[PDB]
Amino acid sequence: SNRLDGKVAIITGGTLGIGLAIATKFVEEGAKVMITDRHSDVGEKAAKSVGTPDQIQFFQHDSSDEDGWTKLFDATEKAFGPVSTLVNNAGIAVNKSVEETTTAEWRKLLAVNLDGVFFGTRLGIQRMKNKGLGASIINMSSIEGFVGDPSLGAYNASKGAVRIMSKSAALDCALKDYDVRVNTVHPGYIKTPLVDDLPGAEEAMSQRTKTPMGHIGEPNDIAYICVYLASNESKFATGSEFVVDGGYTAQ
């Protein structure tokens, strides 16, 4: 309770799985929240499932859409006052090796996973700096920002980019006394409805050779590290990677 009092957060891809848990816990801690998704049918229901409009709203947006990011910030500020917190969570995967990645797949993934995080980080800094908000940008950056996977070539590119770009932004913010921190969160495999719909997926990810705990995590595992990073508890953490992966990258 109260760990995010007065905060105003945008969470991209906040309508499902990890994003929805982050929104849920954010609201529970006192934050006002705008969640996004490219699809309105999902977002409208999702917000209501978490709370009332005074707590949480939906804004339809594809994070790859530059001009829409401005509209998104404006809508959030209209609803809740100046934004203090941005979680760049929206992402997609292509299940291809580097060898087998089409250029169209490449461009499509980089638009969401890399351009979208860039657009959101850049705008966030511009909108949140110098306001005494204890502003925090949390970029979702995966175990796949640390290690490769033979069948996630473009994904790996996107996640390594986010990992180090976030450091750049953290440093400039720190050096300029912007009162904006930038950090990355690195989930291992997390159980969601989508993983549940992929036959064999959770079992494959739970083999000790993949996740040493022998099971995968749950959305709240990612929500809790996000609360810490959005809160003023983490006011001396910037430019750092926070990994919650059941041991996946420790071996």
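Quick note: we count residues from 1 along the sequence shown, nothing fancier.
Quick one: say whether 16 to 24 or 226 to 234 has the higher mean Cα B-factor in the deposited entry. Here the higher of the two C-alpha B-factor means belongs to 16 to 24.
Selected stretch [higher average CA B-factor]: 162 to 170 or 102 to 110: According to the entry, 102 to 110 carries the higher average C-alpha B-factor.
Highest recorded Cα temperature factor - choice among 86, 175, 128, 157: Among 86, 175, 128, 157, the highest C-alpha B-factor in the entry belongs to 128.
Out of 32, 38, 186, 210, residue topping the C-alpha B-factor column of the entry: In this record, 38 carries the highest C-alpha B-factor of the candidates.
Within this chain's modelled residues, let me know which third the CA B factor of residue 137 belongs to: lowest, middle or highest. For residue 137, whose C-alpha B-factor we compare with every modelled residue in the chain, the answer is the lowest third.
Compared with the other modelled residues in the chain, in which third is the CA B-factor of residue 95? For residue 95, whose C-alpha B-factor we compare with every modelled residue in the chain, the answer is the highest third.
CA B-factor placement of residue 182, once the chain's modelled residues are sorted into thirds: Residue 182: CA B-factor falls in the lowest third of its chain.
Determine, from the deposited record, the chain-internal third of the Cα B-factor for residue 145: lowest, middle or highest. As the PDB entry reports it, the C-alpha B-factor of residue 145 lands in the lowest third of its chain.
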